[PDB]
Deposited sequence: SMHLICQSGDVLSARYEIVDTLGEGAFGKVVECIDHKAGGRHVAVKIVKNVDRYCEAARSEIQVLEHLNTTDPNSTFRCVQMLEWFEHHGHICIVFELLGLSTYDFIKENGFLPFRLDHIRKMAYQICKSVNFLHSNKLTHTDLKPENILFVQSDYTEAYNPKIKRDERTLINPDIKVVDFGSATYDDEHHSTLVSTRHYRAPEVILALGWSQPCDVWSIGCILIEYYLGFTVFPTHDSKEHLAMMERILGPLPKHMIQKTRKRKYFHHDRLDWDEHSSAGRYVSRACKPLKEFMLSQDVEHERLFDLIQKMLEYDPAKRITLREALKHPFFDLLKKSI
């Protein structure tokens, strides 16, 4: 098992000495190592489960990273830099530049308090620019979520408001290219982590780059509030939540979908008065009611979020367009 080969002091590839665990995911774990053959540089090594689906994803991730890193050698577009890969007791191991905490882990260690708006703006711009670079290279990420956006450096100051932690420097990088898909490749029927999953994915209408834009809109709401507006583990409940927050689904999408299981005639097959129904009614409300302030900068953020959460993936704002939105005009002064 992986536990046997991922401990502090273990040495990988006769080169990388484990000093700490950074994180764990479905794929395996990421450890911090000292690289004895690169002057003692600390690096991150992703140790992948010796399990078919995760091995395949790792091999695909390596191919994507080779492409992206050769295309953008200066990391101008802020995708994580892969250094090399190797195999260790049957596990694929991928070596990366060492980053700070994921945006998820930062929020968690901050008592699930949200980020300040000025930080959200800077983070959103960088996320959009980075994912737009993928989109320009015929790729879709498919698994954008706060766990896959990492701070370059996660030092903070703390002060009483709740005691809150505030980032010194909110610069990010995008990680995890194990699900990333090229335009001409097979598209998995299911993609994304549930809370960040686009309606065209749920309804099996076909997906491409716009599903990343949806995920980004969900991420920005979580950064703003400290929690998801879609607190569910069920697809039909997820659609019910979308309806309460964003309004009814477009007729044409309901007309076209093979996912007839979710619908009674032309409307969601949903009992407002069941346990799940009562929960959705309590937990969900129109998007703009989640605003914490009516100051114009909040209005600018919510205008962008609403465009990112457009149901129709063709109408949905692209990242190239998002980068020109008024919310970002403050960064361009």
{"item": "Chain regions without C-alpha coordinates, deposited sequence numbering", "value": "162-165, 338-339"}
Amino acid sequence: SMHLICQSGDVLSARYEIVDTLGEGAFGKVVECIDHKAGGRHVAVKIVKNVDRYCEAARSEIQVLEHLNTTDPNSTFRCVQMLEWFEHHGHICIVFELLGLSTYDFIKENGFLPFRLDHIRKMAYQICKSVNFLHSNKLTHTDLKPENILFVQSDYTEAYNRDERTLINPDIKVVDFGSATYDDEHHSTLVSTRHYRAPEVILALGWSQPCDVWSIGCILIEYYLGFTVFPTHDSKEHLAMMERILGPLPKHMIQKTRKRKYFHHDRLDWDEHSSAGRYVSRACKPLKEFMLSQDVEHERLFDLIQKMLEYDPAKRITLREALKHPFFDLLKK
From here on, numbers count along this sequence of modelled residues.
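We call the rigid core whatever largest set of C-alpha positions still superposes within 1.5 Å between the two forms.
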| property | result |
| --- | --- |
| Divergent stretch in 7 other deposited structures of this protein, 20-28 or 320-328 [C-alpha RMS, superposed by the core] | 20-28 |
| In 7 other deposited structures of this protein, rigid core aligned: more displaced of 225-233 and 116-124 by C-alpha RMS | 225-233 |
| Higher-scoring stretch by recorded Cα B factor average, 242-250 or 144-152 | 242-250 |
| 35-43 set against 277-285, stretch whose average Cα temperature factor tops the other in the entry | 277-285 |
| Selection by C-alpha B-factor (highest) of 72, 184, 212, 222 | 184 |
| Highest-ranked of 108, 121, 165, 173 once sorted by CA temperature factor in the record | 165 |
| Position of residue 232 among the chain's modelled residues by C-alpha B-factor, lowest, middle or highest third | highest |
| Record-listed C-alpha B factor of residue 115: chain third | middle |
| Cα B factor band for residue 255 (lowest, middle or highest third within the chain) | highest |
| Third of the chain's Cα B-factor distribution that residue 308 belongs to, per the entry | lowest |
| B-factor third for the C-alpha atom of residue 217 within its chain | lowest |
